[PDB]
Amino acid sequence: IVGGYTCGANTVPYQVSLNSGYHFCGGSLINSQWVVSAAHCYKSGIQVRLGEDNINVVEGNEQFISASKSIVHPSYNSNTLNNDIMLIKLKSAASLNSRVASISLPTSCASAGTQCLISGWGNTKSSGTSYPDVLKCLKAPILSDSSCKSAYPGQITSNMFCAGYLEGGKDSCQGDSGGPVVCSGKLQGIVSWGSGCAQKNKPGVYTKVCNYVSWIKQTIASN
Ligand SMILES: CS(=O)(=O)c1ccc(C(=N)N)cc1
Ligand SMILES: [Ca+2]
């Protein structure tokens with residue numbers, strides 16, 4: 001997260017870190033046994049880490065649970081990043097509390113102008129590299145589809161939306177991938193892609209979760 005602020009320990013209870021010997025992507029807990037992330041974050045041997053703040057220091061509120069199965073969206077396209085979403089089932093149910101909680105799925109899509117909360121342990125610089133150890137937060141509005149399409153000609157599908165600032169300076173970044181975009185207490189997006197980070201006229205592009213509620217629900221009900 002570039003241009004954000006320190007969230008505060010466990011203030012984003014649904015945020016999870018995907019670990020494969022090191023943090024490589026974020027994710028969101030949607031129930032005691034399932035996590036939603038980005039399809040481009042796929043890999044084998046994933047351990048889900050919940051209740052984390054400083055990913056390099058065990059503070060006492062963490063829960064480390066291995067993944068039992070990963071399900072990438074059937075129509076995921078790695079070249080265009082269309083349908084960049086995947087589900088991860090935990091080997092065992094997480095213990096839910098005030099510091100580890102699930103985030104509700106949306107019943108309707110969020111409209112442009114709505115303010116959302118984006119979070120992650122990704123790079124904090126637009127130029128250079130600096131990874132924080134604690135969770136960073138960023139409040140950003142959803143942009144109109146017209147401004148999004150104008151920023152990325154011929155690259156935005158109906159399953160994507162832009163959020164951020166056209167002026168640049170504030171945006172999600174490498175390492176925040178798979179992370180949540182929460183608006184009005186509902187999960188509306190997944191950190192997916194963008195050109196660089198916090199660049200002028202290049203806002204972040206996010207997976208539009210509201211288009212996948214049916215797939216998510218039916219998949220969880222049969223696996
Ligand atoms: C490295 S990545 O493709 O995951 C990526 C993730 C986020 C952004 C940001 N501009 N919103 C840019 C790139
Ligand atoms: Ca920790």
Side-chain angles (χ1 to χ4, degrees), residues 1-4 6-13 15-19 22-27 37-43 47-65 76-86 94 99-100 116-143 147-148 151-152 155-156 160-181 188-208:
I1 303 287
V2 180
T6 299
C7 305
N10 312 115
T11 55
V12 190
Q15 171 84 225
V16 312
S17 165
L18 300 190
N19 189 101
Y22 51 83
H23 167 85
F24 68 91
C25 273
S37 187
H40 79 260
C41 285
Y42 170 77
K43 70 166 58 182
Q47 181 186 64
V48 178
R49 299 194 160 198
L50 306 68
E52 289 269 18
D53 186 46
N54 184 141
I55 57 174
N56 278 318
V57 180
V58 176
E59 305 181 306
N61 291 146
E62 308 88 350
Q63 289 183 53
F64 301 160
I65 307 176
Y76 171 58
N77 184 320
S78 58
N79 294 317
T80 64
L81 292 183
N82 188 35
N83 300 302
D84 191 14
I85 182 173
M86 81 170 286
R99 316 185 86 73
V100 176
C116 309
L117 179 67
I118 304 177
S119 51
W121 286 280
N123 192 4
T124 59
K125 298 194 304 175
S126 56
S127 299
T129 292
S130 181
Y131 288 73
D133 295 304
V134 294
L135 190 64
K136 293 293 184 175
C137 275
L138 175 64
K139 289 185 177 184
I142 292 178
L143 303 179
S147 61
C148 191
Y152 295 107
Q155 304 163 63
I156 304 303
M160 304 171 188
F161 72 81
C162 290
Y165 303 89
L166 291 175
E167 320 76 60
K170 302 188 190 65
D171 187 15
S172 52
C173 199
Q174 310 156 60
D176 293 317
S177 288
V181 178
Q188 293 284 175
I190 298 173
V191 181
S192 183
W193 63 280
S195 186
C197 301
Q199 299 298 299
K200 169 66 181 178
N201 293 307
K202 292 297 180 181
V205 183
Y206 302 86
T207 306
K208 195 173 182 177

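In each ligand, atom 1 is the first atom listed, and ligand 1 is the first ligand listed. Values below: every heavy atom of this structure, side chains too, minus hydrogens, waters and symmetry copies. For the single chain, residues carry numbers from 1 onward in sequence order.
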### Contact flag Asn54/the Ca ion (ligand 2), N/O/S atoms, threshold under 3.0 Å
yes
### Task
Considering just N/O/S atoms, say which atom of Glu62 is closest to the Ca ion (ligand 2).
OE2
### Shortest-distance N, O or S atom of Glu52 relative to the Ca ion (ligand 2)
OE1
### Heavy atom of the protein closest to atom 12 (C) of ligand 1 (residue, atom name, distance)
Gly196 O, 3.3 Å
### Message
Do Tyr152 and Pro203 have side chains that approach each other closer than 4.5 Å (heavy atoms only, starting at C-beta)?
### Response
yes
### Message
Is any side-chain heavy atom of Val181 closer than 4.5 Å to one of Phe161?
### Response
yes
### Summary
Within 4.0 Å of some non-hydrogen atom of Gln174, the atoms of ligand 1 are 1 (C)
### Message
Contact between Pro180 and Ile190 at the side-chain level, heavy atoms closer than 4.5 Å - yes or no?
### Response
no
### Query
Any idea which protein heavy atom is nearest atom 6 (C) of ligand 1, and the distance to it?
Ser177 OG, 3.7 Å
### Message
Less than 4.5 Å apart, side chain to side chain, heavy atoms only: is that true for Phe64 and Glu52?
### Response
yes
### Task
Pull out every atom of ligand 1 sitting under 4.0 Å from any heavy atom of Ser192, numbered as shown with elements.
3 (O), 4 (O), 6 (C)
### Message
Using side-chain heavy atoms (C-beta onward) and a distance below 4.5 Å, is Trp193 in contact with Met160?
### Response
yes
### Query
Does the side chain of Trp121 come within less than 4.5 Å of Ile1's, by heavy atoms?
no
#### Entry: Those atoms of ligand 1 less than 4.0 Å from some heavy atom in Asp171
9 (C), 10 (N), 11 (N)
## Note on the structure
A student checking ligand 1 against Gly204 at a 4.0 Å heavy-atom cut-off should list atoms 11 (N)
### Message
I'd like to know whether NZ of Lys139 has more than 12 heavy-atom contacts from other residues, nucleotides or ligands below 6.0 angstrom.
### Response
no
### Message
Taking 3.0 Å as the cut-off, does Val58 contribute an N, O or S atom near the Ca ion (ligand 2), distance below it?
### Response
no
### Message
Closer than 4.0 Å to some heavy atom of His40 - which atoms of ligand 1 meet that?
### Response
4 (O)
### Query
In terms of heavy-atom contacts, does OH of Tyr42 have more than 12 from other residues, nucleotides or ligands at under 6.0 Å?
no
### Query
Would you say ligand 1 has an N or O under 3.5 Å from any N or O of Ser172?
yes
